[PDB]
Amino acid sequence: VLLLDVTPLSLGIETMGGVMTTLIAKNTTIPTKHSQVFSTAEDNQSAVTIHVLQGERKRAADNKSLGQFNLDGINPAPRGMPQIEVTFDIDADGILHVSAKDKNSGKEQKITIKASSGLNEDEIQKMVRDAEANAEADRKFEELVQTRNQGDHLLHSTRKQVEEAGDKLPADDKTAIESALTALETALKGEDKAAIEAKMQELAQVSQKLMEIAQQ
């Protein structure tokens, strides 16, 4: 009431693209507990890595690392089907417990992180200033990662829809889709947002019949 305890920086986890995703927002009063459900990046993923992050930078690699831990024993499924409920719990002692739970498999992995862990009074302000300085480069990095994932989704989605469509797909259409995907996958290996969007434009146009089918 004369004071508060507040997280001076956001806490969260690395998500595909190497982007920090916040669970506890900066200047939050402890005790506190936020949860969020994530999934797998790739088919038949047996495990997820949980890399824990302090800071306000959109790149995970510009934030302070607090720890990382695996959750294995993910029973095989498609991408983005498993439910991995991640919880940030800071108790009244300034201690953070991060848990990851496979909501099907019942499995659970925690890490506890000392109140004293992370960046001290000085490094904090340096991080906060840095966030405002490189706020541009970060908005850009973010929409590049959002674009990569869209492209990535649209790649995986399309390949699946080529198999379920099987013979229904006119040879021509396949050839054309086949190669637009190969171009996409290459450009996804790049850093060039425009180029990823271009192979995404290319696929939209050549897939128009593959979609007609998939609707069935």
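Note that residue numbering follows the sequence shown and begins at 1. C-alpha atoms forming the largest set that superposes within 1.5 Å between two forms make up the rigid core.
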| property | result |
| --- | --- |
| Rigid core superposition result in 9 other deposited structures of this protein, more deviant of 46 to 54, 144 to 152 by Cα | 144 to 152 |
| 27 to 35 against 163 to 171 - segment lying farther from this form in 9 other deposited structures of this protein (CA RMS, rigid core fit) | 163 to 171 |
| Mean temperature factor over C-alpha atoms, higher-scoring stretch between 139 to 147 and 81 to 89 | 139 to 147 |
| Greater mean Cα temperature factor according to the PDB record, 166 to 174 or 151 to 159 | 166 to 174 |
| From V19, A194, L23, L203, residue of greatest CA B-factor | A194 |
| Third assignment of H51 from its chain's C-alpha B-factors | lowest |
| Third of the chain's Cα B-factor distribution that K101 belongs to, per the entry | middle |
| Where the record places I30 (Cα B-factor, split into thirds across the chain) | highest |
| Position of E185 among the chain's modelled residues by C-alpha B-factor, lowest, middle or highest third | middle |
| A133, C-alpha B-factor rank within chain (lowest, middle or highest third) | highest |
